[PDB]
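Coordinate analysis (summary)
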Amino acid sequence: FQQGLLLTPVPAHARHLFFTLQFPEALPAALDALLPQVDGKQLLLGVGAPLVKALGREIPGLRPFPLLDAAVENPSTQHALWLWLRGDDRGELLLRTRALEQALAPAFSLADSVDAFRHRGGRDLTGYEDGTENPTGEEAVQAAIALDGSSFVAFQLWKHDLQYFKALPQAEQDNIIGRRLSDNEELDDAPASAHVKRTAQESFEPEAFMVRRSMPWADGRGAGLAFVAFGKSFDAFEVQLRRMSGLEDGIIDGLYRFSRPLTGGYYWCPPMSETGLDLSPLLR
Amino acid sequence: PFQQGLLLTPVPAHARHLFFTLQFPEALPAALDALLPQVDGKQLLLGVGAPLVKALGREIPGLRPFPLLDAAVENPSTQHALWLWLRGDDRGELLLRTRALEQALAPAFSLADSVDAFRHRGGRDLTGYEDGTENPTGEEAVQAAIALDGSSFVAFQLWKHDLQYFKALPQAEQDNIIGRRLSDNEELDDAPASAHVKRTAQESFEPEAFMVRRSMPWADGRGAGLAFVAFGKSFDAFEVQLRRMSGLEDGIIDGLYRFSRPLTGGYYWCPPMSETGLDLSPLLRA
Amino acid sequence: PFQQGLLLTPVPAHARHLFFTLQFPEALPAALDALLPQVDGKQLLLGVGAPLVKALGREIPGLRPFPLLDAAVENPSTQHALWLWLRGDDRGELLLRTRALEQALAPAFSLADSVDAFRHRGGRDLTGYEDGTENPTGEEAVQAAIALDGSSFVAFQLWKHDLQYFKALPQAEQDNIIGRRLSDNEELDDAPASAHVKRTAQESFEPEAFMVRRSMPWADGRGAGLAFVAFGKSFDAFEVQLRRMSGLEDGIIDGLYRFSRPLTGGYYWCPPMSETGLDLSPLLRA
Amino acid sequence: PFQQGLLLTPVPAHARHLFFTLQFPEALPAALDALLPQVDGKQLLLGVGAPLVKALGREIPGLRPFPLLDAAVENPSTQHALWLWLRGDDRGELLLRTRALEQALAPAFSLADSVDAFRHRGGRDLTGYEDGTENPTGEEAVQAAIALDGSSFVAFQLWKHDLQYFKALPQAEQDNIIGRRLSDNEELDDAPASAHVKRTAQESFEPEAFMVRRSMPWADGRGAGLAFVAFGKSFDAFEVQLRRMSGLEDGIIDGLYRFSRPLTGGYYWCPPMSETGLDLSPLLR
Ligand code: HEM
Ligand code: HEM
Ligand code: HEM
Ligand code: HEM
Ligand SMILES: [Cl-]
Ligand SMILES: [Cl-]
Ligand SMILES: [Cl-]
Ligand SMILES: [Cl-]
């Protein structure tokens, strides 16, 4: 009843599209072209707070990406629509992008774009395995899917300073992540600022589990990780980010030593029906 | 006791805005020792962002990050730690001063964003419209922009224009978006409420929302538009204006959003000037 | 005794082309010490450009810079000193290898150009047409691409496609530009003389102009198109083909120039392989 | 009867170079109808490249594509069909004029390259050295730049500087690369033969290689450097200079290549002016 956000491993190639609603009067023609194409597998769709506000509607649990008043930067760059394309090669995704652009215009204007790819079967560009402690199976459904079959996804485009980080001694890299790069073993003696120490899913009250589908990226803006986290609500992601940002106990996550998010967005993933994507709470 | 430059009558012919992230806080003293003697408030202005204050465990009354507006239009919040405003003679001089500031601020600060700005004609937006007609001048500008202690609070947005769409509209449709006539800059009393000058009428707020604007056009690989800059004695004037423009006051959205949208957003505290340079004392005391 | 990976069909799913300028030739020995142990001719291929040979005061028979064609279409000559062809499993591996090669090759070499390439739909151009159908295979490929001493001479062009224009044409007009039918790749004998496969028919030259092509699609901020690569036992095959495509043989210009244009052009000598690595002796002897 | 603006010294504070590819030559008439009335030779100069002439099956004496130098340094040849030189008061005016020229010139022409250029400190390179000290002036400039029929032949290269490397050199080493003293622009008679002014000494050639340079610094995403422009009554002066700079005359390479390298290269024919606009008659019967 949900989309294909739980399919593991992440595809070898993906592309993230973010649109601004520039001409709301042309919205019906855009939806008529877009909605029949959203199968939740090769094409996923997320709805942003501006689109809901433009329709004068309300989605329980939906809100723009938050504003954290911290010593580290987490920008809020909320858009109206997020499209997640998954495919076989980057050329297919490029041609599919052009078709979606022309089909969504003039109602929607493309505001941002990111090509993403799987690295070495699921590693960050720093080399560390990504997704080790993700919930799987039925635990993944309970962490990511709400009762009505919808999901709430958070997105950040993290930009890595690879030259600084990879020039550190391997023990210093391991103390930033909280795991050993050589064999992915957890470092129990890592400082409290270590990433996996900051984001330990069982260390929150209530527990802050989420389903992450992050993928590395690289273009003219640099290189890093396209962070994606699916949850039954934004509660899990938001308390994690606030602890990572030092807003819980004053200790800042080690990731901010070498990486920084360039964007931030919240999106509501609608459920699927027997006849396509179920946007009924928005179109009545 | 302010920094001046921000009140200097016309905008300089060329300027450059630099935005830095506080990447290594342990190296901050050396960066400040190199930077502060160069801040004269005329050729080089400085603004302090909320992350820098938070990293020092201090607090500046009136300072906060760029707000989050839950509206039908997009106003992103992209707050950085430090804002440097270079004003100069040519773009090459500003480029060379930029490189020198980068080496002096490193490794404590990492350059996060940059925009070259230039004066167009006598002070016009790239659409052709005059910019600054109803700005406060003289003592009214000081009262609107400068707080009692001599500091100022500046808001910044990098607006990106869709010039092809806007300039292809009939001139009457362009005029109804701005609220003034491009042919002679006359105000249109019969413009719809969504017109920009109707949305931002400084006397139509309670209390009055006057501010001192120093916007300048820009153009690079990201496109072209207006680098919007608004100085105030507090952020109240700018923020109540932006919320009305975004339709959060009465449901009417400003006409600017038909062809333009901001890519960035930042709040910065402009410290006052003392007899011996920039006064950063509320951040460097005990 | 050649660089085996130039005959590998199909091309790997991901590759990256690097082009370096010899910026400080006095620092060449340290760069070669780091580079040569990595050149296996499979995951990393190497080509030597005429500027590098001239900087050493030597000569390579068959090597010369990319030619200058005085035609009505543009084939720019952007010859560099070194060409590296990286092939790998995913784009991230090639990115990390690029950074390592950049730091190891410095300061002697400066990276002048870079292109990420990928296989599309099993070996198709971004326009949809199959690429490589009439490539020589087996022993014929060796005879067309490999010189007697085991070296090869490779020509490179970065072609930029106007996909919106081309794909908006009626399918019959697209087919007459390529010379083959998109529906089933069958050759059109009744295509106009300007059709690509009519221009480049390898048996229609005297002597025959066979070559081994390893082109791969590309896409970045500059646009999208085909990273054209042609291996030959000499540059004779490629050059007579390009001159006919450019209308310098019979006044008829190839149809590809209706929607695509090369942004770069380079000639590079691929040295032979020995039992213990790349054989650069004709360049570092005596 | 030339395009006045090419002798205007100093160059205006802001300019923009546009280079177009002839993508659809059948659509050329509508493009020329829109373009030619705008070419005054002052705010808008025009140069014709060899591909445009070849596409019309014509020939211009003295015109040819940018040469191919087989040297140890890189001078790329990136010849285009059309060169437009916009000059104005601010970068925004040039930006709006560029968009208008793009829409008017399409679909025949496609914009292939663009460079914003600006005057630095009254006429200095970004390295600080004065640029234009030994340019011909007055009637000597006319004799060096203008052919008999009033046309000119202009060479263009987009030079990219490595300012970090160059400005980190000792001041004596910087001076030996240029051949002049940065403090007061005095000529260094004891500078090495590789020094720029020693390589390019206009009187040290037979015949003499004088030309009128109108170079201006530039800066965008590709870096920063000098947009080199040289006007001559023919291409002989520029080409014999460049071959010496590249070490093809005596094996000595110009010191500029230690910190700078050209990214583009083009030759263009600047048609003469008549009393009623640009004279393209040798190209349109
Ligand atoms: C540059 C950005 C990031 C990088 C490179 C990164 C990388 C990693 C790595 C290598 C692990 C350990 C392997 C694993 O369990 O998957 C991990 C764990 C985790 N990360 Fe991140 N991550 C990033 C951002 C984030 C953010 C922003 C959040 C939440 C707001 C987050 C939440 C988590 C969680 C929940 C875990 C699992 C913790 C556990 O072991 O229970 N990650 N991350
Ligand atoms: C693309 C962005 C913008 C453009 C092109 C633009 C342009 C203009 C123009 C042409 C005028 C009329 C001439 C003048 O009074 O100076 C004006 C007035 C004004 N604008 Fe904007 N502006 C932009 C953004 C903003 C924003 C974001 C704000 C506030 C949050 C703002 C506040 C004002 C105010 C206060 C006035 C004077 C209104 C009055 O007459 O009292 N502007 N603007
Ligand atoms: C935008 C640039 C180009 C594209 C999209 C392209 C595409 C194609 C396609 C679709 C074919 C037919 C299938 C095949 O046999 O491979 C082909 C054939 C061929 N191409 Fe190209 N090509 C390009 C540039 C070039 C250039 C510059 C040359 C030579 C200088 C060249 C040489 C050949 C040859 C020799 C053949 C085989 C001809 C034969 O049937 O005997 N190609 N190309
Ligand atoms: C990065 C590229 C270049 C830079 C920064 C540069 C800069 C300079 C400077 C500082 C001078 C001395 C002051 C003056 O008399 O103008 C000069 C002189 C000169 N340059 Fe260049 N130049 C460049 C490229 C070229 C090229 C490519 C040519 C010719 C092909 C050239 C030809 C000349 C000539 C003829 C002179 C005058 C020599 C004399 O007779 O004294 N320049 N240039
Ligand atoms: Cl989704
Ligand atoms: Cl940056
Ligand atoms: Cl400028
Ligand atoms: Cl000086």
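Parameters and conventions
- In this document, every chain is numbered from 1 following its sequence as written, which may not correspond to the numbering used in the entry; residues for which no coordinates exist are not shown.
- All chains are assigned letters beginning at A, and all ligands numbers beginning at 1, according to the order in which they are written.
- Excluded from the side-chain calculations are hydrogens and water; all other atoms, namely the structure's heavy atoms, are used.
- UniProt positions are given in the numbering used here, feature names are shortened, and annotations may be inferred rather than shown by experiment.
- The criterion for a residue being near a molecule or strand is simple. One of its heavy atoms has to lie within 4 Å of it.
- By the criteria applied, helices consist of DSSP H or I runs no shorter than four residues and strands consist of E runs no shorter than two, each listed in order from the N terminus.
- Classes in brief: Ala, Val, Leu, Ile, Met, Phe, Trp, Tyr, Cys and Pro nonpolar; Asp, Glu, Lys and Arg charged; the others, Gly included, polar.
- The classification of residues rests on relative accessible area computed with a 1.4 Å probe and restricted to protein chains. Under 20% of the type maximum is buried, over 50% is exposed, and intermediate values are partly exposed.
- For this analysis, residues touch if any pair of their heavy atoms sits within 4.5 Å.
- N or O atoms within 3.5 Å of each other form a polar contact, as long as, within protein, one can give a hydrogen and the other can take it, and as long as residues adjacent in sequence are counted only when both atoms are side-chain atoms.
- Summed over both partners, the accessible area (1.4 Å probe) lost when two parts come together is defined as the buried area.
- Should a side-chain nitrogen of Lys or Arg be within 4 Å of a carboxyl oxygen of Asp or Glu, the pair is scored as a salt bridge.
- Strand pairing is assigned whenever DSSP identifies at least 2 bridges connecting the two strands.
- A donor here means any N, O or S atom no more than 2.8 Å from the metal (3.2 Å for Na, K and Ca); water is not included, so a site may seem to lack partners.
- Stacked, tilted and edge-to-face are the three classes assigned to paired rings of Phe, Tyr and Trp, where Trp is represented by its six-membered ring and a pair needs centres within 6.5 Å; plane angles under 30 degrees give stacked, over 60 edge-to-face, the rest tilted.
- Taken from the helix axis, the directions to the C-beta atoms give the arc we talk about.

Per the deposited record, the coordinates in this entry were obtained by X-ray crystallography to a resolution of 2.35 Å.

Per the PDB entry, the recorded name for chain B is Dyp-type peroxidase family protein, and the organism is Pseudomonas putida.

Going by the PDB entry, chain A carries the name Dyp-type peroxidase family protein and comes from Pseudomonas putida. Turning to chain A, the UniProt annotation filed under Cofactor (unreviewed entry) states: "heme b".

A separate point is the site of ligand 4. Residue and element names in this part refer to chain D. The immediate surroundings of ligand 4 are formed by 27 residues, with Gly132, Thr133, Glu134, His196 and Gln202 found nearest. Counting only elements with at least two residues in the shell around ligand 4, the list comes to β5 (152-161), α7 (196-199), β8 (223-232) and α8 (236-245). The leading source of residues in the shell around ligand 4 is α8, at four residues. When its residues are assigned to classes, the shell around ligand 4 shows 12 nonpolar, nine polar and six charged.

Let's shift gears to the UniProt feature "binding site: heme b 2" (unreviewed entry) in chain B. Residues and elements named next belong to chain B. Look at the UniProt record and you will see "binding site: heme b 2" (unreviewed entry) annotated at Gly132, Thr133, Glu134, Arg180, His196, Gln202, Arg213 and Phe228. Among the secondary structure elements, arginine 180 is positioned in the loop between α6 (171-178) and α7 (196-199). Classification of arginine 180 as buried rests on a relative accessible area of 10%. Filtering out sequence-adjacent residues up to four positions away, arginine 180 remains in contact with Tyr129, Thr133, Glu134, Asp175, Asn185, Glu186, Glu187, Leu188 and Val197. Within the local environment of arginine 180, its side chain forms a polar contact with the side chain of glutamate 134, the two groups lying 3.3 Å apart. Among the structural elements, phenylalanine 228 can be located in strand β8 (residues 223-232). Note on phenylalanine 228: relative accessible area 13%, which makes it buried.

A separate point is the UniProt feature "binding site: heme b 2" (unreviewed entry) in chain A. Residue and element names in this part refer to chain A. Residues annotated in UniProt with the feature "binding site: heme b 2" (unreviewed entry) correspond here to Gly131, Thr132, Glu133, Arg179, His195, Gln201, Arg212 and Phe227. Checked against the element boundaries, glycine 131 lands in the loop between β4 (108-117) and α4 (137-144). Of the residues examined, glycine 131 reaches a relative accessible area of 26% and is grouped as partly exposed. You can see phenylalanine 227 is positioned in strand β8 (residues 222-231). Every residue in contact with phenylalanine 227, bar those within four places of it in the chain, is listed here: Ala154, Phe155, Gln156, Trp158, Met210, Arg212, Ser214 and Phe237.

All names here are of chain A. You can see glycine 231 is positioned in strand β8. Between the C-alpha atoms of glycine 231 and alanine 154, which are 77 residues apart in sequence, the distance is 8.4 Å. The contacts of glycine 231, once residues within four sequence positions are left out, are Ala143, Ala144, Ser151 and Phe152.

All names here are of chain B. Neighbouring ligand 2 are 26 residues; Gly132, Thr133, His196, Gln202 and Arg213 lie closest to it. In the environment of ligand 2, a nitrogen atom lies 2.9 Å from a nitrogen or oxygen atom belonging to the side chain of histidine 196. For ligand 2, an oxygen atom lies 2.6 Å from a polar atom in the side chain of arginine 213. Looking at the shell around ligand 2, the elements that each hand over two or more residues are β5 (152-161), α7, β8 and α8 (236-245). Here the shell around ligand 2 takes four residues from α8, the largest share from any one element. Class assignment for the residues of the shell around ligand 2 results in 11 nonpolar, nine polar and six charged.

Size of an interface, as often reported, equals the accessible area lost when the parts are brought together. Between chain B and chain D, the residue contacts involve 18 residues of the former and 18 residues of the latter. Approximately 1500 Å² of surface area, both sides summed, lies buried where chain B meets chain D, with 58% of it carried by carbon and sulfur atoms. Three residues, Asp90, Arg91 and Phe118 of chain B, lead the burial of chain B against chain D; their summed loss comes to 32% of the area buried on that side. Along the contact surface separating chain B from chain D lie zero salt bridges. Summed over the shared surface of chain B and chain D, the number is seven residue pairs in polar contact. Put simply, the parts of the chain that give the side of chain B that touches chain D at least two residues each are α3 (91-105), β4 (109-118) and α5 (163-168) of chain B.

The feature "domain: Dyp-type peroxidase C-terminal" (unreviewed entry), as annotated in UniProt, sits at residues 124-272 of chain A in this numbering. Measuring from the first to the last C-alpha atom of residues 124-272 of chain A gives 31 Å, for a span that is 23% helix and 24% strand.

The next point concerns the pairing of strand β4 (residues 109-118) of chain D. Residue and element names in this part refer to chain D. Burial analysis of β4 places seven of its 10 residues in the buried class, which makes it a mostly covered element. Judged from the nine bridges that link them, strand β1 (residues 14-22) and β4 form a sheet pairing that is antiparallel. Its bridge partner being in β4, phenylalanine 20 is matched across the sheet by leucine 111.

Bringing the coordination of the iron atom of ligand 4 into the picture now. On the protein, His196 of chain D (NE2) is the one donor atom to the iron atom of ligand 4, at 2.1 Å. Take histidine 196 of chain D: it is sitting in helix α7.

Moving on to the packing of aromatic side chains. All names here are of chain A. Under the definition given, this model contains 68 aromatic pairs over all chains. Look at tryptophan 82 and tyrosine 267: their rings are 6.2 Å apart centre to centre, the planes differ by 35°, and that puts the pair in the tilted class. Here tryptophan 82 is found in strand β3 (residues 81-87), whereas its partner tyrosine 267 is found in strand β10 (residues 265-269), with 185 residues between them in sequence. No difference in accessibility class separates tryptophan 82 from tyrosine 267, as the two residues are buried. Considering the side-chain rings of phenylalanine 237 and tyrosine 266, the 5.9 Å spacing of their centres and the 75° angle between planes classify their relative orientation as edge-to-face. Here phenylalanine 237 is found in helix α8 (residues 235-244), whereas its partner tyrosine 266 is found in strand β10, with 29 residues between them in sequence. Look at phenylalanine 237 and you get buried, because its relative accessible area is 6%. Here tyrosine 266 falls in the buried class, since its relative accessible area comes to 0%.

Another aspect to go through is the arrangement of the chains. In this view chain B stays clear of chain C, with the nearest C-alpha atoms of the two still 10 Å from each other. Spatially, chain A is disjoint from chain D: no contact exists, and the shortest C-alpha separation is 10 Å.

Attention now moves to helix α4 (residues 138-145) of chain D. Residue and element names in this part refer to chain D. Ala141, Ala144 and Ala145 are the residues of α4 that are buried. Buried residues in α4, looked at end-on, bunch into an arc of 85°, giving them a common side. Away from the buried face of α4 by more than 90 degrees, exposed residues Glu139 and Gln143 are located. Buried residues along α4 sit in contact with β5, β6 (212-213) and β8.

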